[PDB]
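Below: the structure, in structure tokens.
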Amino acid sequence: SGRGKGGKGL
Amino acid sequence: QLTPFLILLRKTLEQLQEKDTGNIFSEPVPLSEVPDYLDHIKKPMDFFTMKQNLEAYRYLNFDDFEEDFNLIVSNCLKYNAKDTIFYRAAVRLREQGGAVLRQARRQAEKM
Amino acid sequence: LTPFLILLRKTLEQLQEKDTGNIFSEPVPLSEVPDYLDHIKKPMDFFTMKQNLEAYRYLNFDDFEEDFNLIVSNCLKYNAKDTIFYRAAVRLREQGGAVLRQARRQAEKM
């Protein structure tokens with residue numbers, strides 16, 4: 001996986 | 001009626017929250033914005049719901065109060081990926097909360 | 001404007017309807033996800049599919065299906081399992097694979 005998009009849900 | 005035990009749980013609830021600067025756990029995870037949350041988490045919990053419960057006389061012993069705190073942490077570890085702000089915060093909260101709960105239970109069981 | 005192009009248009013809108021959160025509506029935002037292209041060789045999303053469609057680049061159904069499958073596989077690859085994105089792609093695999101099955105039957109008559 002990459003770093004990720006973060007956040008919680010949308 | 002307002003008891004010494006309720007007063008102690010109020011204080012304890014506030015101590016658990018001082019450890020949470022981002023107010024990550026202050027209110028329910030917002031289901032509008034997190035529409036998959038209930039597909040993975042059976043019983044959501046957060047500090048405001050705990051305060052509602054406390055003030056409505058639903059924590060008449062220490063175990064039931066600790067159970068809901070522990071749910072805040074375990075739900076967060078379960079829902080979120082490890083490499084996240086939220087999962088890291090729940091690991092830290094486990095650590096810091098475990099200690100606050102240890103001393104509060106000692107006080108409670110003398111009542 | 002062929003029966004085939006008309007069919008792919010309809011099919012694409014049906015696939016989009018499966019994505020209620022519009023997670024796959026547009027390219028993953030590279031300004032928010034700066035390492036996306038270090039992992040994903042061929043990004044895809046429904047708006048790019050619409051551009052391809054309207055520019056006559058879907059000669060056949062296999063090429064269209066290949067791009068849909070990329071939307072899903074890219075998302076499973078990039079994201080951790082326990083994310084809204086990954087979970088949504090797993091649901092889209094199922095619900096979108098079914099849309100494609102019915103559309104393919106129609107395409108193969110043309």
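Residue numbers start at 1 in each chain; chains themselves are named A, B, ... in the order of the structure tokens; ligands are numbered from 1 in the order shown.
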
Where does chain C meet chain A within 12 Å, residue by residue, with the nearest atom pair and distance in Å to one decimal for each, counting only C-alpha atoms, listed by chain and rising number, as a tab-separated table?
```
residue	atom	partner	partner_atom	distance
C:20	CA	A:10	CA	11.8
C:21	CA	A:10	CA	8.2
C:22	CA	A:10	CA	10.1
C:23	CA	A:10	CA	8.8
C:28	CA	A:5	CA	9.4
C:29	CA	A:5	CA	9.4
C:30	CA	A:5	CA	10.1
C:31	CA	A:5	CA	10.7
C:32	CA	A:5	CA	7.1
C:33	CA	A:5	CA	5.9
C:34	CA	A:3	CA	8.7
C:35	CA	A:2	CA	6.6
C:36	CA	A:2	CA	6.9
C:37	CA	A:2	CA	9.5
C:38	CA	A:2	CA	8.1
C:39	CA	A:2	CA	6.6
C:40	CA	A:2	CA	9.3
C:74	CA	A:1	CA	10.2
C:75	CA	A:1	CA	9.6
C:76	CA	A:1	CA	8.6
C:77	CA	A:1	CA	6.1
C:78	CA	A:1	CA	4.6
C:79	CA	A:1	CA	5.4
C:80	CA	A:1	CA	6.0
C:81	CA	A:1	CA	9.2
C:82	CA	A:9	CA	10.5
C:83	CA	A:9	CA	7.4
C:84	CA	A:9	CA	5.4
C:85	CA	A:9	CA	8.2
C:86	CA	A:4	CA	10.8
C:87	CA	A:9	CA	10.6
C:88	CA	A:9	CA	10.6
```

Written file, previous selection with N, CA, C and O atoms, as a tab-separated table (two decimals), in the first residue's frame:
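What ended up in result-v6.tsv:
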```
chain	number	residue	atom	x	y	z
C	20	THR	N	-22.21	4.88	-4.56
C	20	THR	CA	-23.03	5.94	-3.97
C	20	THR	C	-22.26	7.13	-3.40
C	20	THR	O	-22.78	8.26	-3.41
C	21	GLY	N	-21.04	6.89	-2.92
C	21	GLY	CA	-20.21	7.93	-2.36
C	21	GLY	C	-19.38	8.71	-3.37
C	21	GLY	O	-18.62	9.61	-2.95
C	22	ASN	N	-19.51	8.36	-4.65
C	22	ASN	CA	-18.76	9.01	-5.74
C	22	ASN	C	-17.26	8.92	-5.52
C	22	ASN	O	-16.50	9.77	-5.95
C	23	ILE	N	-16.82	7.84	-4.90
C	23	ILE	CA	-15.43	7.63	-4.64
C	23	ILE	C	-14.59	7.43	-5.92
C	23	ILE	O	-13.38	7.72	-5.97
C	28	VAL	N	-8.17	9.80	-8.69
C	28	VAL	CA	-7.67	10.03	-7.33
C	28	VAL	C	-6.87	11.36	-7.33
C	28	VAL	O	-6.04	11.55	-8.18
C	29	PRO	N	-7.16	12.27	-6.36
C	29	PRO	CA	-6.52	13.59	-6.40
C	29	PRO	C	-5.06	13.54	-6.00
C	29	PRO	O	-4.75	13.31	-4.82
C	30	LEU	N	-4.18	13.75	-6.97
C	30	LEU	CA	-2.73	13.65	-6.74
C	30	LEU	C	-2.19	14.72	-5.78
C	30	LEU	O	-1.20	14.49	-5.10
C	31	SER	N	-2.85	15.87	-5.70
C	31	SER	CA	-2.49	16.89	-4.72
C	31	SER	C	-2.76	16.43	-3.27
C	31	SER	O	-2.05	16.84	-2.35
C	32	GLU	N	-3.76	15.57	-3.07
C	32	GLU	CA	-4.05	15.00	-1.75
C	32	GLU	C	-3.28	13.68	-1.53
C	32	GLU	O	-3.01	13.31	-0.38
C	33	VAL	N	-2.90	13.00	-2.62
C	33	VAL	CA	-2.31	11.63	-2.55
C	33	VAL	C	-1.04	11.59	-3.40
C	33	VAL	O	-0.98	11.00	-4.48
C	34	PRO	N	0.02	12.24	-2.89
C	34	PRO	CA	1.18	12.50	-3.74
C	34	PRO	C	2.01	11.31	-4.19
C	34	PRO	O	2.78	11.41	-5.16
C	35	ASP	N	1.85	10.19	-3.51
C	35	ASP	CA	2.60	9.01	-3.87
C	35	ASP	C	1.74	8.03	-4.66
C	35	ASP	O	2.19	6.91	-4.92
C	36	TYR	N	0.53	8.43	-5.05
C	36	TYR	CA	-0.33	7.52	-5.78
C	36	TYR	C	0.35	6.90	-7.00
C	36	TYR	O	0.29	5.69	-7.18
C	37	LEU	N	1.00	7.71	-7.86
C	37	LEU	CA	1.60	7.18	-9.08
C	37	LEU	C	2.88	6.32	-8.88
C	37	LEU	O	3.30	5.59	-9.78
C	38	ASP	N	3.47	6.36	-7.69
C	38	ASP	CA	4.59	5.47	-7.39
C	38	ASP	C	4.11	4.04	-7.21
C	38	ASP	O	4.91	3.11	-7.31
C	39	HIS	N	2.81	3.85	-6.92
C	39	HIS	CA	2.25	2.50	-6.78
C	39	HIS	C	1.38	2.03	-7.93
C	39	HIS	O	1.33	0.82	-8.23
C	40	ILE	N	0.65	2.96	-8.52
C	40	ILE	CA	-0.38	2.63	-9.49
C	40	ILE	C	0.13	3.02	-10.88
C	40	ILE	O	0.23	4.20	-11.18
C	74	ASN	N	-6.81	-1.17	-8.79
C	74	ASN	CA	-5.94	-0.05	-8.35
C	74	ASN	C	-6.26	0.33	-6.90
C	74	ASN	O	-5.37	0.57	-6.09
C	75	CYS	N	-7.57	0.38	-6.59
C	75	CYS	CA	-8.00	0.79	-5.27
C	75	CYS	C	-7.64	-0.25	-4.20
C	75	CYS	O	-7.12	0.10	-3.15
C	76	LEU	N	-7.80	-1.52	-4.54
C	76	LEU	CA	-7.37	-2.57	-3.60
C	76	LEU	C	-5.87	-2.55	-3.42
C	76	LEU	O	-5.36	-2.84	-2.34
C	77	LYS	N	-5.14	-2.27	-4.48
C	77	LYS	CA	-3.68	-2.23	-4.36
C	77	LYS	C	-3.15	-1.04	-3.51
C	77	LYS	O	-2.30	-1.23	-2.64
C	78	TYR	N	-3.65	0.16	-3.78
C	78	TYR	CA	-3.12	1.35	-3.17
C	78	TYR	C	-3.45	1.41	-1.68
C	78	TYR	O	-2.63	1.80	-0.86
C	79	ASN	N	-4.72	1.13	-1.38
C	79	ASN	CA	-5.24	1.38	-0.05
C	79	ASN	C	-5.08	0.22	0.93
C	79	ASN	O	-5.16	-0.96	0.54
C	80	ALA	N	-4.96	0.52	2.22
C	80	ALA	CA	-5.03	-0.53	3.25
C	80	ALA	C	-6.43	-1.15	3.26
C	80	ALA	O	-7.41	-0.52	2.92
C	81	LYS	N	-6.50	-2.40	3.61
C	81	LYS	CA	-7.79	-3.11	3.68
C	81	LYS	C	-8.85	-2.37	4.51
C	81	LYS	O	-10.00	-2.30	4.09
C	82	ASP	N	-8.45	-1.83	5.65
C	82	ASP	CA	-9.41	-1.25	6.57
C	82	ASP	C	-9.57	0.24	6.31
C	82	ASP	O	-9.25	1.10	7.18
C	83	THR	N	-10.04	0.53	5.11
C	83	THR	CA	-10.33	1.88	4.67
C	83	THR	C	-11.65	1.91	3.97
C	83	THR	O	-12.11	0.92	3.36
C	84	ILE	N	-12.31	3.08	3.98
C	84	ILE	CA	-13.57	3.25	3.21
C	84	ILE	C	-13.36	2.91	1.72
C	84	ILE	O	-14.20	2.30	1.07
C	85	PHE	N	-12.18	3.33	1.21
C	85	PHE	CA	-11.86	3.19	-0.20
C	85	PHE	C	-11.78	1.71	-0.58
C	85	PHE	O	-12.48	1.25	-1.48
C	86	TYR	N	-10.97	0.98	0.15
C	86	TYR	CA	-10.79	-0.46	-0.16
C	86	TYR	C	-12.13	-1.19	-0.07
C	86	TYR	O	-12.49	-1.95	-0.94
C	87	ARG	N	-12.86	-0.94	1.00
C	87	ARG	CA	-14.11	-1.63	1.20
C	87	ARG	C	-15.07	-1.33	0.10
C	87	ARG	O	-15.85	-2.18	-0.35
C	88	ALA	N	-15.10	-0.08	-0.32
C	88	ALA	CA	-15.96	0.32	-1.39
C	88	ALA	C	-15.60	-0.38	-2.69
C	88	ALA	O	-16.46	-0.78	-3.47
```

Item checked: chain B residues near chain C (8 Å cut-off, only C-alpha atoms) as an NGL selection string -> :B and (34 or 36 or 79-81)

Next item on the list: Based on DSSP run over this structure's backbone, return all residues of chain B in alpha helix (DSSP H), as number ranges by chain.
Entry: B: 4-18, 37-40, 47-55, 62-79, 85-108

Next item on the list: Give the residues of chain B that lie within 12 Å of chain A; count only C-alpha atoms, and format the answer as a list in words.
Entry: residues 24, 29, 30, 31, 32, 33, 34, 35, 36, 37, 38, 76, 79, 80, 81, 82, 83, 84, 85, 86 and 87 of chain B

Margin query: Need to verify the contact set: region 99-111 of chain B, 9 Å, only C-alpha atoms, exclusion of same-chain residues closer than 6 positions in sequence. Can you return it as a PyMOL selection string?
Written below: chain B and resi 4-5+8-9+12+15-16+61-63+66

For the selection you just gave me, I'd like the residues written to a file as a PDB file, in the first residue's frame, keeping C-alpha atoms.
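For reference, again33.pdb as written:
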```pdb
ATOM      1  CA  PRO B   4     -20.112  10.183  45.672  1.00  0.00           C
ATOM      2  CA  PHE B   5     -19.573   7.390  43.095  1.00  0.00           C
ATOM      3  CA  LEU B   8     -16.011  10.132  41.078  1.00  0.00           C
ATOM      4  CA  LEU B   9     -17.046   8.857  37.601  1.00  0.00           C
ATOM      5  CA  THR B  12     -12.644  10.044  35.962  1.00  0.00           C
ATOM      6  CA  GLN B  15      -9.400  12.670  33.261  1.00  0.00           C
ATOM      7  CA  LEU B  16      -9.713  10.161  30.396  1.00  0.00           C
ATOM      8  CA  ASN B  61     -20.727   0.074  39.125  1.00  0.00           C
ATOM      9  CA  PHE B  62     -17.148   0.623  37.914  1.00  0.00           C
ATOM     10  CA  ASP B  63     -17.058  -2.401  35.583  1.00  0.00           C
ATOM     11  CA  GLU B  66     -14.702   0.632  32.236  1.00  0.00           C
TER      12      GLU B  66
END
```

Next item on the list: Tell me which of C:103, C:90, C:98, C:55 sits closest to residue 7 (chain C), counting only C-alpha atoms.
Entry: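 The closest residue to residue 7 (chain C) is C:103.
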
Checklist line | Spatial neighbours of residue 93 (chain B), max dist 8 Å, only C-alpha atoms, sep filter under 6 positions, as a PyMOL selection string | finding: chain B and resi 19-20+73

Output N, CA and C atoms of each residue in that selection to a file, as a PDB file, in the first residue's frame.
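Wrote again_19.pdb, looks like this:
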```pdb
ATOM      1  N   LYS B  19      -6.431  13.312  28.070  1.00  0.00           N
ATOM      2  CA  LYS B  19      -5.464  12.579  27.274  1.00  0.00           C
ATOM      3  C   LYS B  19      -5.753  12.647  25.729  1.00  0.00           C
ATOM      4  N   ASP B  20      -6.879  13.272  25.301  1.00  0.00           N
ATOM      5  CA  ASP B  20      -7.396  13.303  23.897  1.00  0.00           C
ATOM      6  C   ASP B  20      -7.474  14.735  23.297  1.00  0.00           C
ATOM      7  N   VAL B  73     -11.770   2.412  22.723  1.00  0.00           N
ATOM      8  CA  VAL B  73     -10.450   2.056  22.233  1.00  0.00           C
ATOM      9  C   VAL B  73     -10.485   0.910  21.219  1.00  0.00           C
TER      10      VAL B  73
END
```

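Taking CA of residue 46 (chain B) as the reference point, CA of residue 25 (chain B) is found at 5.3 Å.
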
Margin query: Need the shell around residue 60 (chain C): protein/DNA/RNA residues with any atom at most 9 Å away, counting only C-alpha atoms. Skip same-chain ones fewer than 3 positions apart. Format as a list in words?
Written below: residues 4, 57, 63, 64 and 107 of chain C

Go ahead and save the residues from that selection, with C-alpha atoms, as a CSV table (one decimal), in the first residue's frame.
```csv
chain,number,residue,atom,x,y,z
C,4,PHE,CA,-22.5,-0.1,-29.1
C,57,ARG,CA,-11.4,4.5,-27.7
C,63,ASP,CA,-11.4,-2.9,-23.4
C,64,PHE,CA,-14.2,-1.2,-21.4
C,107,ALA,CA,-22.7,-6.2,-26.8
```

Which residues are near residue 15 (chain C)? Cut-off 7 Å, only C-alpha atoms, ignore same chain within fewer than 3 positions. Put them as a tab-separated table (two decimals) with C-alpha atoms, in the first residue's frame.
```tsv
chain	number	residue	atom	x	y	z
C	11	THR	CA	-23.55	0.65	-18.84
C	12	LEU	CA	-21.19	3.30	-17.53
C	18	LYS	CA	-23.24	1.50	-7.72
C	96	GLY	CA	-20.22	-3.80	-11.05
C	99	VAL	CA	-23.72	-4.90	-14.45
```
